[PDB]
Amino acid sequence: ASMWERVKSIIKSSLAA
Amino acid sequence: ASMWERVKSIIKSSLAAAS
Amino acid sequence: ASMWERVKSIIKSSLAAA
Amino acid sequence: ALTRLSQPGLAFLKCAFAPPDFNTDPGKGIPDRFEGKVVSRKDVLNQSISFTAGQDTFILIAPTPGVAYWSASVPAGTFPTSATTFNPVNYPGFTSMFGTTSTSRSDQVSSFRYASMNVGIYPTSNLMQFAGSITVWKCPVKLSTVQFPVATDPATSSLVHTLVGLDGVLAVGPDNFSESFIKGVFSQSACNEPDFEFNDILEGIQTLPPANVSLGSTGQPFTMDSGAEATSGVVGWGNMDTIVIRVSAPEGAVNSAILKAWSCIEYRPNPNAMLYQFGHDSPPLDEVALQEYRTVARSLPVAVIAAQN
Amino acid sequence: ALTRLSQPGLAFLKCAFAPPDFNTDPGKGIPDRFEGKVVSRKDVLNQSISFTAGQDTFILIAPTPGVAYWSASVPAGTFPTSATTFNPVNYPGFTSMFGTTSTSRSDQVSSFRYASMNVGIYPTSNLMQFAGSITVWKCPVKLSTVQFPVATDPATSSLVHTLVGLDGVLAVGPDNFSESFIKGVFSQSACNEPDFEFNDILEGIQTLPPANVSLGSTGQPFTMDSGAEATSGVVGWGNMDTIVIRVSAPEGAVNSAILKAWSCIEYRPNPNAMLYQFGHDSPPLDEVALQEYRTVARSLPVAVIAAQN
Amino acid sequence: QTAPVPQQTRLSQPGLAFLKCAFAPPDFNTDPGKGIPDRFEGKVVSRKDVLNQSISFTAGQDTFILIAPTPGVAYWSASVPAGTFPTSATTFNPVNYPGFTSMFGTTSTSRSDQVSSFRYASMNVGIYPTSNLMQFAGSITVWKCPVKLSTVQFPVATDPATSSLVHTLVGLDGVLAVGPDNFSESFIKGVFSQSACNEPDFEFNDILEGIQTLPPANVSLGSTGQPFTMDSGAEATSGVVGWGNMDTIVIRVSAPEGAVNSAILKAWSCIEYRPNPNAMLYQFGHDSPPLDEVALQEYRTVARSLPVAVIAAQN
RNA sequence: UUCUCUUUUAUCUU
Ligand SMILES: [Ca+2]
Ligand SMILES: [Ca+2]
Ligand SMILES: [Ca+2]
Ligand SMILES: [Ca+2]
Ligand SMILES: [Cl-]
């Protein structure tokens, strides 16, 4: 339940395609 | 020469000209 | 001393960090 | 080759240069850095027009939202004078977006940015009656301001909107397309900026120069009158050059045609607008499309005939 | 990945999306083309606040420098009306930045540009007192102008600042966050432009509509009042969408909470200012960071529960 | 027991030219510049403005010169007692670049007759001392100011009561003190300095009509906030046609008592304008050069690398 | 967060 981590996720999710 | 065809020519001629 | 050479030195000094 | 463009990036380019070649929805947005919620407006006008003989009719397509073009006729062989006033014709549903009062333009949307701006003229007259020519060039018209003092009590300084570069309409630009009327014409305008900046919606503008302002206090060469605030008006000015068209109808010439207008615009919708319901994130960056756009534009002619379109 | 980003680029993305999560302001500038002299300032406001029962309190977070937010309360179940006026709540040291007179705003700095603009609400009420809801949406409010004639002697045409797209505050847009008050909330805003351009500091603005102007002639739905020029004022309008928040308090409910607001702003320091000695160069361009920003931004939800920020 | 709420490489020709016009124009036999290798590639006209001014400085005076992004005007000058800075009592008068009128008419409402908008590519300036070594005395000090052209909103008690809005310059207060980031050195050693785009990109600014003075006519300097005044003079000889996105260079020449400070001042400016089809300039038009990423970043990097200014022996 | 399946639009290519 963190904020920074939801940002670090949308960054490594779009950098995978 | 339609407008879309005059356009697709300049683009593909630009993609191949830059190569 | 020149000014164009001061710029050519900065262009090659940063284009060197690759 | 054209597979290096994102879906929207291609869509974008079609609305930009050839929207008559497609049935509908030519664009889904601008594949630039911006990806906030916007609305893709495909403005299209179909206006049947008859040109008065002996008159050199002048038409502007320039980036006033909702209003396709502005026209006015002047004695053959002459240009607009201080005595000339241009009157807007609007894309279907102007009021349905900008209200009916000069202070309710920002009700539906708050800002915008044009992507495309095309126009075509198709001759409808016969080959025995027609005569004349269609000349075309584009002017770098921007919307600025004029500062001058007024002797009121107390004495004060005013400041109002003034159009710079209108002076380019009083003469046929060196870079231009000119050909027989019957051959019609097609031409489009592009962003006159290194990028797609957003412009705000403008409230209260119905005439330029404004009401209570003397022309050429402005240093504008002629006047712009949108008319009744309840029918038309000036809601903004996009970063697009304006297309100038001169159709010179000689004496006894029967020149008529059908005019079409295209305009892809991204508006920023207000949540209180029903219009908002059709919002979608602007297309993400498509560096290729943005580079092609620039190249293609610089490549194309001022204009071309009807059939070539 | 996280390694392609330069220090400034990573830091930038942090001050922009998750500031509470740090013991210190990561922000060190905007990784864009511009590398001139600037001054990074992270404005943080902390404020114990208690809401009026039987009254819906509206809060705007909007890109006005020095001022955290603007509030106003209205009757429960209603929205702002022409009779409503929002009042500012400054960030610490407003005066030390923009003086105490409406004409000494640009004394320290000349222009600016926002990087981030966050906000959070942390309920402090016990489970036997809290009641109500928290609704949140964002409006594309831009600062434009309105032109209208005035019957003075001689007659003249005025022109003043107007807030466009303000009307969006009178309806909760389909895209929104809405949850029980007790669950609090967190939301951030981002650049509503394809690039980070600088905006000039505005002199003399204390009210909108300004003095001697009727709300009717501006189109704005309600009024903005910063109060005594000696304590607050409007120093400029950034390129960030405005965060709207409706907090509904039932009759007889005790809604207490803490309110926090972040703002990473980059200003152009004046050589004379005592600020200058703190400036540095804007961070160099970071393609990756600028792309992550756009993507992350459009990907994140309107707002989230106060529990996670 | 509370139910959740359901939510729903190398540089190009024009690119290298751009870097030369931008940082070193005295070092070339010709205007290297050919346009801005930025995204934009529309119709433009490249103009290389150059002014050569022979000048003597009032002794016991601190003469202040300003290289500002004002098309057609090289710089603005005014002198105050040595040891002091401009006051409300000061007014700067511009020195026009060659052919100001041939470009912007002779009416305060004729500025946009030739061109509609513009954007500065570079703005350089140099001072050369013609004074004999013994006679001269003093110093030259330079710093740059982020002067932007804004607006001011104030009410006016007329009948009926109204609210005014006029142009006002913000960032001028920075001239009333020597910026920490500065170049200071003996007058005789001369100086050379240049400015750069204070924006992440080269957007076009419009041409402004009717501006002759700032504060404008009928406006008290107290209303604007500006620290001093700007007077362009007769609308038929000069004026303010626009304000580019370039930081403004400030130069303070300190001439002590009995000091003979003579020199030459050159002003280099290359600007890209949008020509009006009707104008006689249109015939020299060419399209902005295509984007050149290399140049657009070398520019940014070089700019931040170069010192505030250097002595004239190294221009 | 994971694949199949039909979807069902939508362009690009002959
Ligand atoms: Ca004019
Ligand atoms: Ca309104
Ligand atoms: Ca821009
Ligand atoms: Ca001041
Ligand atoms: Cl507190």
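- Looking at the entry header, you'll see X-ray crystallography listed as the method and 3.5000 Å as the resolution.

**Overview of the side chain of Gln 61 of chain F**
All names here are of chain F.
Item 1. When you line up the elements, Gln 61 lands in strand β2 (residues 61-67).
Item 2. Relative accessible area serves as the criterion here: at 17%, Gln 61 is assigned to the buried category.
Item 3. At 3.4 Å, the side chain of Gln 61 and the backbone nitrogen of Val 80 are in polar contact.
Item 4. Excluding anything up to four places from it in sequence, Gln 61 contacts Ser 79, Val 80, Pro 81, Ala 82, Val 253, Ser 254 and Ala 255.

**A word on the protein's contact with RNA strand G**
Item 1. Taken together, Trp 4, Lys 8 and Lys 12 of chain B together with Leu 2, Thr 3, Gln 7, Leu 10 and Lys 14 of chain D are the residues near RNA strand G.
Item 2. Of all RNA strand G atoms lying within 4 Å of any protein atom, the proportion belonging to sugar or phosphate reaches 100%.
Item 3. Within the side chain of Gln 7 of chain D, one N or O atom sits 3.1 Å away from a sugar or linking oxygen of RNA strand G.
Item 4. Sorting the residues of the surface near RNA strand G by element identifies α1 (3-17) of chain B together with α1 (7-17) of chain D as the ones contributing at least two each.

**Examining the UniProt feature "binding site: Ca(2+) 2" in chain F**
Item 1. UniProt's feature table lists "binding site: Ca(2+) 2" at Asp 113, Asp 173 and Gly 225 of chain F, given in the numbering used throughout. These annotated residues cover 113 residues of sequence, and their C-alpha atoms reach 33.3 Å apart at the extreme, placing them across more than a single site.
Item 2. For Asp 113 of chain F, the location among the structural elements is in the loop between α2 (100-104) and β5 (115-129).
Item 3. Note on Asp 173 of chain F: relative accessible area 12%, which makes it buried.
Item 4. In this structure, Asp 173 of chain F is in contact with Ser 106, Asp 107 and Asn 272 of chain E together with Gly 225 and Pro 227 of chain F, ignoring residues within four places of it in sequence.

**So, the coordination of the calcium ion (ligand 2)**
Item 1. Those protein atoms acting as donors to the calcium ion (ligand 2) are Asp 107 of chain D (OD) and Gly 219 of chain E (O), and they sit at 2.7 to 3.0 Å. Taken together, the residues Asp 107 of chain D in the loop between α2 (95-98) and β5 (109-114) and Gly 219 of chain E in the loop between α3 (215-218) and β14 (223-225) connect one chain to another.

**Here we look at the nonpolar core**
Item 1. Judged by nonpolar contacts, the single largest core of 61 residues is most densely connected at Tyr 69, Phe 86, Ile 245 and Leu 259 of chain D.
Item 2. Each residue touching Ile 245 of chain D, except ones within four places of it in the same chain, is listed here: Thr 57, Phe 58, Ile 59, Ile 121, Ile 134, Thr 135 and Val 136 of chain D.

**Topic: the UniProt feature "active site" in chain D**
Item 1. Per the UniProt entry, the sites bearing "active site" are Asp 21 of chain D in this numbering.
Item 2. Residue position: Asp 21 of chain D is located in the loop between α1 and β1 (37-51).
Item 3. Residue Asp 21 of chain D is classed as partly exposed on the basis of its relative accessible area, which comes to 28%.
Item 4. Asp 21 of chain D has contacts with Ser 2, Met 3 and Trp 4 of chain B together with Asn 309 of chain D, leaving out every residue within four places of it along the chain.
Item 5. A distance of 3.5 Å separates a polar side-chain atom of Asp 21 of chain D from the backbone nitrogen of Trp 4 of chain B.

**Let's talk about the interface of chain F and chain E**
Bring the parts together and some accessible area is lost; that lost area is often taken as the interface size.
Item 1. With 48 residues of chain F at the contact, the number on the chain E side is 49 residues.
Item 2. Interface of chain F and chain E: buried area, both sides summed, is about 3,700 Å²; carbon and sulfur atoms make up 48% of it.
Item 3. In this assembly, chain F and chain E are joined by 4 salt bridges.
Item 4. Note that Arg 268 of chain E and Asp 247 of chain F form a salt bridge whose closest N and O atoms lie 2.6 Å from each other.
Item 5. Taken together, the connections running from chain F to chain E amount to 17 residue pairs in polar contact.
Item 6. Elements with a minimum of two residues in the side of chain F that touches chain E: β6 (139-145), β7 (148-156), β8 (162-170), α3 (221-224) and α4 (293-305) of chain F.
Item 7. Sort the elements by how many residues they give to the side of chain F that touches chain E and β7 of chain F lands first, with 8 residues.
Item 8. Tallied by class, residues from the side of chain F that touches chain E come to 18 nonpolar, 18 polar and 12 charged.

**Quick word on the sheet that holds strand β10 (residues 177-180) of chain D**
All names here are of chain D.
Item 1. If you trace the 8 strands from one edge of the open sheet to the other, you get β10-β7-β15-β2-β3-β4-β14-β13, paired in mixed fashion. Either end of the sheet is taken by a strand with one partner, and the two such strands are β10 and β13 (207-208).
Item 2. Bridge count between strand β2 (residues 55-64) and strand β15 (residues 242-248): 6 bridges; the pairing is antiparallel. Counterpart to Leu 60 in the pairing with β15 is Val 244.

Thresholds, definitions, all that
Residues numbered from 1 in each chain as written, not as in the entry; some residues may be left out. Chains lettered and ligands numbered in written order. Heavy atoms only, no water. Helix = DSSP H or I, 4+ residues; strand = E, 2+ residues; numbered from the N terminus. Buried < 20%, exposed > 50% of the residue type's maximum accessible area, 1.4 Å probe, protein only. Polar contact = N/O pair within 3.5 Å; in protein donor to acceptor, adjacent residues only side chain to side chain. Contact = heavy atoms within 4.5 Å. Near = heavy atom within 4 Å. UniProt positions renumbered as here; feature names shortened; annotations may be inferred. Donors = N, O, S within 2.8 Å, 3.2 Å for Na, K, Ca; no water. Core = buried A, V, L, I, M, F, W, Y, C linked by side-chain atoms within 4.5 Å. Buried area = accessible area lost by both parts, 1.4 Å probe. Salt bridge = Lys/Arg side-chain N within 4 Å of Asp/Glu carboxyl O. Nonpolar A, V, L, I, M, F, W, Y, C, P; charged D, E, K, R; others polar. Pairing = 2+ DSSP bridges.

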